[PDB]
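Participant: Shown below is the structure under consideration.
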């Protein structure tokens, strides 16, 4: 069983990625006590903005509701609102209050950490501005770096174990691991990505993590290491005889560890 | 037992943040005696600009007033104005004076420091230009960088002691603070942010500060560090038994201190 | 090799009249064996993470253990222990066995 | 940790060298007396070792030697071993006499 | 060639100095024997210079 330790980073879960953008132009009415580095939860208000893009069609819908328009004429107009950007929840508010919607609130689509917040009170907002970048850390990610020359060390049956210097009181469970298709050209290392349970959020992105791998080789004759003599041109062990007689024997070394 | 002093910095309150942008394109008429670095208070004039976007609709409203249009026709043209971005205060000047407003005046929305000021005299103005970036520091922000290694301890910390070199009389005990979700990667450090009243303006963004932590851990099994025989992967200690015989034991180490 | 693997002294703390050695070294687990040395972690100047085998071959060999010299000529000393007999008889008996065999 | 903190062995060695000396600032005349300007700097505590600076951000957050290594008190390479009565290693001393004394 | 490769004379001199020595890594204990860690590095071939 080959043992070896590798440095690893705790990073954000990239399958829990959210970048909020307004569906249409407008101006900021209010921005909530938030900033990059803050943790938000699903539903957390980000900002309030006014969007004049949907008022014409909205009012057009409301009047049909007056002049006894057909359900088809009504739905058909709600469809224009939907594929014009207006969020379904907001459209639902239009039908429930029969009032034109002008002011809207953008909320955090997911639980996570704000890594970007480019809009502050007093600004106008555009379709390409990011109001909030939100990255989650529950099934937190841990990426380990293995030098390219030791690629052989990691097999499918390899047994992994993770520890974080910041949390010695924490035994972490690995959800799954993957050996990424390519190597980081910058560091000349293979990337091994691990998904770890982090419900208590003890593992913070940016933290250090030590990855220990255990890998099993093909069956070979096994002896202790102090039992092997190596003079560079020959390897030998000292065998004990049935009589107690100490007899030397030549051997071929395959590999060694631990 | 722990007695440590963490590096810390004084920064702007990011919940007191304002970026002033015009609501429509125009040209600058005059800019007031201000620049980046200057301290401004809410209401302070930033610049005077001309904006032709809303004049066609203002005419529409004034014409409506001359010919006694419906009350709901007027509320309508007024609503299209505010949706067009024209400030509610400026709309009031419209009705009160019964004359089209073309010259406006942008003012500071909050108390703070101008950290950006991108518009000077003789310039055109766009909606994506920032006339003023204003940040407040009355409730001042101090962030401390704490070595990740003791996340297990600071998570349950009771109080810290805040001191600033430039102000030996503004040293106070800190009982409220938030331990951010992410840790800096360049320096593997936790980020602890606290808020400090700063009415006197004694604490300035950019100043250095120190965050002191004097505390003890929960009771654990203790031994002298000298006693730990640790290879890179195998740590043990030599226990002395009853008869005085040496017997190496395997141990699992939590962490050491002092 | 001299610091990571070997424990070469790097400095000395001053403590009154006394002096004590300071050194730098990897934990033993990294330098346990030849195979261990072949995986000796190295952080390159460009922050590339490699092993020692990536820049060197490590081979076990045999050679000089200690070079005894007498008048600038290599020499090996054979230590003989005879205490029952008298010296001269033993040396003369050695001189024979050696000359003949 | 060297990789995690992006610090090379060479950088560690250099930092060490710059953290174990004293310096003199000549002297200054106060009340017609001579005040010798003496600057500390001698490594004399484990903490002193731990707080060897390796790197510093614009923020003013430093990376210390304690970040990439553990500083311990250990034995130096023994070049001589003494044993007494076959029941323990000991520290001894020998008195050497001048040649014709 | 110094100009074409953007390498100063001083840099050449420094490189040379770091390419002609041997180093010791102390010793390692295998089979109760002492294995001396010896690192090559002596300039001894024209190719080595190259």
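Residue numbers (this note's numbering), protein chains in the order written: chain A, 1 to 258; chain B, 1001 to 1258; chain C, 2001 to 2101; chain D, 3001 to 3101; chain E, 4001 to 4050. For each residue, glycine too, the CB sits at the ideal point set by N, CA and C.
Is the beta carbon of residue 1123(B) closer than 9 Å to that of residue 1027(B)?
Facilitator: For this step, residue 1027(B) is matched to residue 27 along the second chain. For this step, residue 1123(B) is matched to residue 123 along the second chain. A contact, by the Cβ cut-off of 9 Å.
Participant: Could you name the residues of the region 2055-2066 of chain C whose beta carbon sits closer than 7 Å to any beta carbon of chain A, in the order they occur along the chain?
Facilitator: Correct list: 2059, 2060, 2061 and 2062.
Participant: Is it true that the CB of residue 1039(B) sits closer than 9 Å to the CB of residue 1142(B)?
Facilitator: Taking the second chain and counting its residues from 1, one reaches residue 1142(B) at position 142. Taking the second chain and counting its residues from 1, one reaches residue 1039(B) at position 39. Against a cut-off of 9 Å, the Cβ pair of residue 1039(B) and residue 1142(B) comes out as no contact.
Participant: By the three-class DSSP mapping on this structure, what secondary structure does residue 76(A) have?
Facilitator: Here the question's residue 76(A) lines up with position 76 in the first chain. Note: residue 76(A) maps to helix in three-state DSSP.
Participant: Thinking C-beta only, is residue 1010(B) closer than 9 Å to residue 1206(B)?
Facilitator: As a first step, residue 1206(B) must be located in the second chain, where it is residue number 206. As a first step, residue 1010(B) must be located in the second chain, where it is residue number 10. Yes, they are a contact pair.
Participant: To the nearest angstrom, report how far apart residue 3085(D) and residue 3094(D) are at their CA atoms.
Facilitator: As a position in the fourth chain, residue 3085(D) is number 85, starting the count at 1. As a position in the fourth chain, residue 3094(D) is number 94, starting the count at 1. Using only the alpha carbons, I get a separation of about 17 Å.
Participant: How far does the beta strand (DSSP E) with residue 1147(B) in it extend, from its first residue to its last?
Facilitator: For the purposes of this step, residue 1147(B) is taken as residue 147 along the second chain, with counting starting at 1. Note, residue 1147(B): beta strand (DSSP E), 1132-1147.
Participant: If you run the structure through DSSP and keep just helix, strand and coil, what is residue 175(A)?
Facilitator: Walking along the first chain from the start, residue 175(A) turns up at place 175. It is a strand residue.
Participant: Give the residues of chain C in contact with residue 1233(B), contact being defined as C-beta atoms less than 7 Å apart.
Facilitator: By one-based count along the second chain, residue 1233(B) stands at place 233. Neighbours of residue 1233(B) on chain C, chain order: 2029.
Participant: Measuring CA to CA, which of 3052(D), 3081(D) and 3073(D) is closest to residue 3018(D)?
Facilitator: Locating residue 3018(D) in the fourth chain gives position 18, where the first residue counts as 1. The option with the nearest alpha carbon to residue 3018(D) is 3052(D).
Participant: Roughly how many angstroms separate the alpha carbons of residue 1228(B) and residue 3041(D), rounded to a whole number?
Facilitator: The residue you call residue 1228(B) lines up with position 228 of the second chain. The residue you call residue 3041(D) lines up with position 41 of the fourth chain. The alpha-carbon atoms of residue 1228(B) and residue 3041(D) are separated by roughly 29 Å.
Participant: I need the boundaries of the beta strand (DSSP E) containing residue 252(A), first residue and last residue.
Facilitator: Counting from one through the first chain, the residue named residue 252(A) turns up at place 252. Note, residue 252(A): premise wrong, no beta strand (DSSP E); not H, not E.
Participant: According to DSSP, simplified to helix, strand and coil, what is residue 1070(B)?
Facilitator: On the second chain, residue 1070(B) is found 70 positions in, with the first residue counted as 1. Looking at residue 1070(B) - three-state DSSP - the assignment turns out to be coil, as it is neither helix nor strand.
Participant: Can you find at least 3 beta carbon pairs, one from the region 1229-1237 of chain B and one from the region 1248-1257 of chain B, that sit closer than 8 Å?
Facilitator: Yes, they touch.
Participant: When you compare only the Cα positions, how much space is there between residue 2027(C) and residue 2006(C)?
Facilitator: Looking up residue 2027(C) in the third chain gives position 27. Looking up residue 2006(C) in the third chain gives position 6. Whole-angstrom Cα-Cα distance: 11 Å.
Participant: Between which two residues does the alpha helix (DSSP H) holding residue 3049(D) run?
Facilitator: Residue numbering aside, residue 3049(D) sits at position 49 when the fourth chain is read from its first letter. Start and end: 3046-3050.
Participant: What are the boundary residues of the alpha helix (DSSP H) that includes residue 88(A)?
Facilitator: Taking the first residue of the first chain as 1, we reach residue 88(A) at position 88. From DSSP, the alpha helix (DSSP H) with residue 88(A) extends over 88-97.
Participant: List the DSSP bridge partners of residue 1214(B).
Facilitator: Numbered from 1 along the second chain, position 214 holds the residue referred to as residue 1214(B). Answer is 1003(B), bridged to residue 1214(B).
Participant: With DSSP run on the structure shown, which of helix, strand or coil describes residue 2079(C)?
Facilitator: As a working mapping, residue 2079(C) is identified with position 79 in the third chain. Three-state result, residue 2079(C): coil.
Participant: Quick test of the definition: if touching needs 3 or more C-beta pairs under 8 Å, does the region 144-161 of chain A touch the region 56-65 of chain A?
Facilitator: The region 144-161 of chain A vs the region 56-65 of chain A: no contact.
Participant: If I measure Cβ to Cβ from residue 3081(D) and keep anything under 7 Å in the same chain, skipping five residues before and after, which residues do I get?
Facilitator: Translated into positions along the fourth chain, residue 3081(D) becomes position 81. The residues are 3089.
Participant: By the 10 Å Cβ neighbour count, where 16 or more other Cβ atoms means buried, how is residue 4009(E) classified, buried or exposed?
Facilitator: On the fifth chain, residue 4009(E) is found 9 positions in, with the first residue counted as 1. It counts as exposed.
Participant: Only counting runs of 4 or more residues, tell me where the alpha helix (DSSP H) segments fall wholly within the region 3014-3093 of chain D, in order along the chain.
Facilitator: Counting only runs of 4 or more, we get 3046-3050.
Participant: When burial is assigned at 16 or more other CB atoms within 10 Å of the CB, is residue 3083(D) buried or exposed?
Facilitator: Taking the fourth chain and counting its residues from 1, the one referred to as residue 3083(D) is at position 83. Exposed: under 16 other Cβ atoms inside 10 Å.
Participant: Quick one, are the C-beta atoms of residue 3054(D) and residue 3015(D) less than 9 Å apart?
Facilitator: Residue mapping note: residue 3054(D) aligns to position 54 of the fourth chain, counting from 1. Residue mapping note: residue 3015(D) aligns to position 15 of the fourth chain, counting from 1. A contact, by the Cβ cut-off of 9 Å.
Participant: Going straight from the alpha carbon of residue 1132(B) to that of residue 1025(B), what length do you get?
Facilitator: Position 132 of the second chain, counting from 1, holds the residue named residue 1132(B). Position 25 of the second chain, counting from 1, holds the residue named residue 1025(B). Each residue's Cα considered, the two are about 16 Å apart.
Participant: What are the boundary residues of the beta strand (DSSP E) that residue 1235(B) is part of?
Facilitator: Position 235 of the second chain holds residue 1235(B). Unbroken beta strand (DSSP E) run through residue 1235(B): 1235-1240.
Participant: For residue 1086(B), which option in 186(A), 52(A) and 95(A) has the closest C-alpha, if you only look at C-alpha atoms?
Facilitator: Looking up residue 1086(B) in the second chain gives position 86. Ranking 186(A), 52(A) and 95(A) by Cα distance to residue 1086(B) puts 52(A) first.
Participant: Does the beta carbon of residue 167(A) sit closer than 9 Å to a beta carbon anywhere in chain B?
Facilitator: As a working note, residue 167(A) is residue 167 in the first chain. For residue 167(A), the answer is yes, since a Cβ of chain B falls inside 9 Å of its Cβ.
Participant: Taking Cβ-Cβ distances shorter than 9 Å, what residues in chain A pair up with residue 2051(C)?
Facilitator: On the third chain, position 51 is the one that residue 2051(C) refers to. Near residue 2051(C) (Cβ distances below 9 Å), the residues of chain A are 147, 149 and 150.
Participant: Give a yes or no on whether 9 Å exceeds the smallest Cβ distance from residue 52(A) to chain D.
Facilitator: Your numbering for residue 52(A) matches position 52 in the first chain. Chain D, which has no Cβ nearer than 9 Å to the Cβ of residue 52(A), makes this no.
Participant: Can you pull out the residues from the region 2080-2091 of chain C whose beta carbon lies closer than 8 Å to at least one beta carbon of chain D?
Facilitator: Correct list: empty, as no residue qualifies.
Participant: If you measure beta-carbon to beta-carbon, which residues of the region 179-196 of chain A are closer than 7 Å to chain C?
Facilitator: Answer set for the region 179-196 of chain A: 187, 188 and 189.
Participant: Quick one: what's got a C-beta closer than 8 Å to residue 2019(C)'s C-beta in the same chain, skipping five residues either side?
Facilitator: Within the third chain, residue 2019(C) is the residue found at index 19, counting from 1. Excluding sequence neighbours, residue 2019(C) sits near 2012 and 2013.
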